[PDB]
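**Q** quick one, structure for this:
(9 chains)
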Amino acid sequence: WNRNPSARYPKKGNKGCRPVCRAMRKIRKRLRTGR
Amino acid sequence: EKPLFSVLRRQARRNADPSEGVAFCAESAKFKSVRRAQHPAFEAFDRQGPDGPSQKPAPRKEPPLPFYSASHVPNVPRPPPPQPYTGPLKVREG
Amino acid sequence: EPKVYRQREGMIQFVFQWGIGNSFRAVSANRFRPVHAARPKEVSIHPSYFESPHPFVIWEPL
Amino acid sequence: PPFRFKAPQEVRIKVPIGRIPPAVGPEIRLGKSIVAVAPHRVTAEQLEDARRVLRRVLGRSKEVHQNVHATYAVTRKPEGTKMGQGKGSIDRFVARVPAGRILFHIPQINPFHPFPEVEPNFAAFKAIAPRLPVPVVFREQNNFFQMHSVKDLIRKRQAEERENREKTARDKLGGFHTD
Amino acid sequence: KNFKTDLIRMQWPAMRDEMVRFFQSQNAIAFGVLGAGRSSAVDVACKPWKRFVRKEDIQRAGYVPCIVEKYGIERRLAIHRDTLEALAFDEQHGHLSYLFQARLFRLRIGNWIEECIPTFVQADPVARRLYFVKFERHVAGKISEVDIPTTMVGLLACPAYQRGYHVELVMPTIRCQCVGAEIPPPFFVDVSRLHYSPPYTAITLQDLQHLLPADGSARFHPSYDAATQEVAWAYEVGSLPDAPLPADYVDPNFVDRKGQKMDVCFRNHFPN
RNA sequence: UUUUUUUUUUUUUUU
RNA sequence: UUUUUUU
RNA sequence: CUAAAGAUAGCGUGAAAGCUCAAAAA
RNA sequence: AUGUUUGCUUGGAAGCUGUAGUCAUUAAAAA
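**A** Numbers count the residues shown, from 1 in each chain, chains lettered A, B, ... in the order given. For reference, the structure is listed below:
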């Protein structure tokens, strides 16, 4: 499962919801939109 | 369908005044129409057609489909242009 | 007391093709994008509207 | 008249993996119905197993109908292929089932009109909902209207009788005038 | 011999009268329960649509925006959610009802009354919500196409169903041309007399034609065929003949984002 | 019922 | 410096 | 006392017996 | 509660190892 690397740590307040090297942002949206 | 290079033959025009059936009636000694009495609206509808620039689509005759069908999709992405009208012409009042 | 709304006598329905303009659409830059597309709209208009006072002014239906 | 329409046929053509479009509008079906809530892929084997379970639970006297068919093909990389050597062979077939689409439905109409105190039956759909890869919700739409309800009449009659009783009790004692 | 029996027999005539009177009283409203002479109109209030106001704002506020458009100027109104949805979803385990689009809404705005009928509805596929509902005016003497629903309440009294046969409702709604001041109520399919036949049994619209108004205000669509337009069936499960796929069938698995058919569908090697 | 959240750097939860 | 529970 | 009580919903036995629930009354 | 251990399988089947059916109680010094 996708839980080890640093490209999957959620944004906390004051980051813009798109920090450097993220994949989960586009994974969840896609999932919801259709898997 | 095939190409034609010549003057087309004469075509007779069609009238716009259909006939009607009547029958004698002794209760008034007069000829009464055989058609069933109806609302003016209905009469007009049947005769000329729907009143207005537009109307709702036609109903479904056949029973529903047991499974879903994407009937809301057109036949082609780009329909062809309209074809010209061909047929008997209307007769103008003399 | 409450009253039932009733349209003006002599009115008829009419389908305006192409589109209907406004203040905003008056501007060239604010015109329609596919200018040859069809955008019909059904509106109620008096038949008397289609009558020019001067012969030099006419109404092209198309 | 009734007919037994033949099911579609699988398309043996490689196709992209594009997204699942949304639904146009709500689909209304008489009788019981089972629908999804989210989009996902469903396999022909899954659908067939659901059909078999539904038939076994309901019995041979009841009738059922399917609303989704497996026609979308999908490819898979064979074991023993390099990084990229072209598209792989067809693996299985799936059906693009968006949210709100119906899967199964029983046109059967509840005959018990004067019995609104009993909820519908969804044991057959419960027996297969865990199987499905999507969340499902039970549904049962009928032609029953409010106006045509006996509950209202029962309520009315109870009220009337109460009133009558009360009136009688007040008049008996004679603490107030009549008429 | 017992006296209670005698007493009960003596009192029965009196008891009958009470039920008679109750039904009469019930019927009095119109100035049987399942009769065709029953009104179905509703009366609700509305609110004006303020300038510089979005759909979203109104929706969030707890209201449903609506507009009224034919035979008059375009008017904007807002109808309470708790008031509108209640009519819309009149079932505990149901979705958008058929009857919703078969009524006469007497909307009240300011000092004006509009007699309209919803045509266009924007509802959530899964959830029970209303986003936008359009209305169309109804003027006496003008043909109005309306879909009248059907009812089969009297299902218990079906010999066919009693014997264990399967019964279905083909047509949920029947098209009609309303000209009168009021819409006819829902039709009632009297299934009390429906015997099972080896091949099949069915009911047509000719039988139900007697339920129309006597004044002739309503009339079924001429396109229909009363001699062959069935409304209900009665057959045996797993005893139907085989038929081919209809020519007007469209595969829902090959639809584009735009609502168009895939290029593949145009191919030679594209069965069904 | 609400104020208290990934406050998951530590203490603290003092409502 | 907590709010709500129609008639 | 009056009223009501499914061809039989849940226990039980070896084929039985027995108990309880629904309905009814209060 | 009662007809009634109603019927066909079964060595045997009562409401309660399978299945079909699934209504009968208040009435003759009522006319």
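**Q** for the rest of this, base every contact and every neighbour count on C-alpha atoms.
**A** Noted.
**Q** tally of neighbours for residue E:26?
**A** As a burial measure, residue E:26 scores 14 neighbours (other Cα atoms under 10 Å in any protein chain shown).
**Q** and the closest residue to chain C within chain D, how many neighbours?
**A** The minimum distance from chain D to chain C, using Cα to the nearest Cα, falls at residue D:24 (21.9 Å). By the criterion of other Cα under 10 Å, residue D:24 has 13 neighbours.
**Q** can you tell me the SS state at it?
**A** coil (DSSP: H, G, I helix; E, B strand; the rest coil).
**Q** let me see the contact set for residue 32.
**A** The chain I'm using is chain A. Shown in contact with residue A:32 (Cα atoms under 8 Å, 6 or more residues apart in numbering or on different chains): D:38, D:39.
**Q** wait, chain E
**A** Contacts of residue E:32 (Cα under 8 Å, 6+ apart): residue E:23.
**Q** relative to residue E:22, how far out is it?
**A** 11 Å (Cα to Cα, to the nearest Å).
**Q** shared neighbours, the two?
**A** Counting by Cα under 8 Å, 6+ apart, nothing touches both residue E:32 and residue E:22.
**Q** for the residue lying closest to residue D:129 once chain neighbours are set aside, list each beta-bridge partner.
**A** The shortest distance from residue D:129 to any non-neighbouring residue, by Cα to Cα, 6 or more residues apart in numbering or on different chains, is to residue D:136 (6.4 Å). Beta-bridge partners recorded for residue D:136 (DSSP bridges): residue D:36.
**Q** give me the distance from the top helix by length along chain D to the chain's centre.
**A** Taking DSSP state H as the assignment, the helix of chain D that covers the most residues is helix D:150-173. Taking Cα atoms, centre = their mean, to the nearest Å, one finds the center of helix D:150-173 at 42 Å from the center of the full chain.
**Q** interface residues of chain A facing chain C?
**A** Residues of chain A found near chain C (Cα under 8 Å from any Cα of the partner chain): none.
**Q** ok, for residue C:31, nearest residue in space, not its chain neighbours?
**A** residue C:25 (5.3 Å).
**Q** could you do residue C:11 as well?
**A** residue C:46 (4.7 Å).
**Q** for the one you found, give me phi and psi.
**A** Main-chain torsions, residue C:46, degrees, to the nearest 10: phi -70, psi 140.
**Q** can you pull the contacts of it?
**A** If a contact means Cα under 8 Å, 6+ apart, then residue C:46 has C:10, C:11, C:12 as its contacts.
**Q** looking at these, which one is closest to chain D?
**A** When these are compared against chain D (criterion: Cα to the nearest Cα), the nearest one is residue C:12, at 33.3 Å.
**Q** tell me the bridge partners for the closest one.
**A** Beta-bridge partners recorded for residue C:12 (DSSP bridges): residue C:45.
**Q** that one touches residue C:48, doesn't it?
**A** No: if you go by Cα atoms under 8 Å, residue C:12 and residue C:48 don't touch, sitting 10.4 Å apart.
**Q** the more surrounded of the two?
**A** Ranked by neighbour count (other Cα under 10 Å), residue C:12 and residue C:48 place residue C:12 first, with 14 against 9.
**Q** how near is the more buried one to residue C:4?
**A** Distance from residue C:12 to residue C:4, by Cα to Cα: 19 Å.
**Q** and the residue of chain A closest to chain C?
**A** Taking Cα to the nearest Cα, chain A has residue A:33 as its residue nearest chain C, at 30.6 Å.
**Q** ok, that residue - contacts?
**A** Taking Cα under 8 Å, 6+ apart, we find residue A:33 in contact with D:20, D:39.
**Q** relative to residue E:59, how far out is it?
**A** With Cα to Cα as the criterion, residue A:33 and residue E:59 are 24 Å apart.
**Q** try residue D:162
**A** 43 Å.
**Q** which of those two has more neighbours?
**A** With neighbours defined as other Cα under 10 Å, residue D:162 and residue E:59 compare such that residue E:59 has more, 17 against 12.
**Q** what sits against the more buried one?
**A** Counting by Cα under 8 Å, 6+ apart, residue E:59 has contacts E:65, E:131.
**Q** element containing it, please.
**A** helix E:55-61 (DSSP states H and E).
**Q** downstream of that helix, the next helix or strand is which one?
**A** Per DSSP H and E, the first helix or strand lying C-terminal to helix E:55-61 is strand E:63-68.
**Q** name the helices or strands packed onto that next one?
**A** helix E:55-61, strand E:75-80, helix E:81-88, strand E:130-137 (3 or more Cα pairs under 8 Å, 6 or more residues apart in numbering or on different chains; DSSP states H and E).
**Q** at 10 Å instead, please
**A** On a contact count with 3 or more Cα pairs under 10 Å, 6 or more residues apart in numbering or on different chains; DSSP states H and E, strand E:63-68 meets strand E:47-48, helix E:55-61, strand E:75-80, helix E:81-88, strand E:112-123, strand E:130-137.
**Q** hmm, the longest strand anywhere in chain D in reach of chain B?
**A** When chain D is parsed with DSSP state E, its longest strand is strand D:90-97. No: applying Cα under 10 Å from any Cα of the partner chain, one finds strand D:90-97 separated from chain B by no less than 11.3 Å.
**Q** got the residues of chain B near chain D?
**A** B:62, B:63, B:65, B:66, B:67, B:68, B:69, B:70, B:72.
**Q** center of the chain, which residue is that?
**A** Just going to use chain A. Among the residues of chain A, the one closest to the centroid is residue A:24, at 2.5 Å (Cα atoms, centre = their mean).
**Q** ok, now which ones touch that residue?
**A** A:2, A:7, A:8, A:9, A:10, A:30 (Cα atoms under 10 Å, 6 or more residues apart in numbering or on different chains).
**Q** cool, residue E:169 as well?
**A** D:30-31, D:107-109, E:150-152, E:189, E:203, E:230-234 are the contacts of residue E:169 under Cα under 10 Å, 6+ apart.
**Q** for it, give its distance to chain A.
**A** Distance of residue E:169 to chain A, computed by Cα to the nearest Cα, to the nearest Å: 35 Å.
**Q** so what's that residue bridging to?
**A** So, taking DSSP bridges as the rule, residue E:169 has residue E:232 as bridge partners.
**Q** just the element for the closest residue to RNA strand F within chain B, please.
**A** With Cα to the nearest atom of the strand, the shortest gap between chain B and RNA strand F falls at residue B:68, namely 40.5 Å. Using DSSP H and E, residue B:68 maps to neither a helix nor a strand.
**Q** what about it, distance to residue D:41?
**A** The value you get for residue B:68 to residue D:41, if Cα to Cα is used, is 17 Å.
**Q** now the closest residue to chain D within chain B. Nearest residue, chain neighbours left out?
**A** In chain B, the residue found nearest to chain D is residue B:67; the distance is 4.4 Å by Cα to the nearest Cα. Take residue B:67 and drop its neighbours on the chain: the residue closest to it by Cα to Cα, 6+ apart is residue D:67, 4.4 Å away.
**Q** verify the stated contact: that neighbour with residue B:69.
**A** Yes: the criterion here is Cα atoms under 10 Å, and residue D:67 meets it with residue B:69 at 8.9 Å.
**Q** where do the strands of the chain begin and end?
**A** As the question left the chain open, I've gone with chain A. So, for chain A - with DSSP E - there are no strands.
**Q** chain C, not that one
**A** C:3-4, C:12-16, C:41-45.
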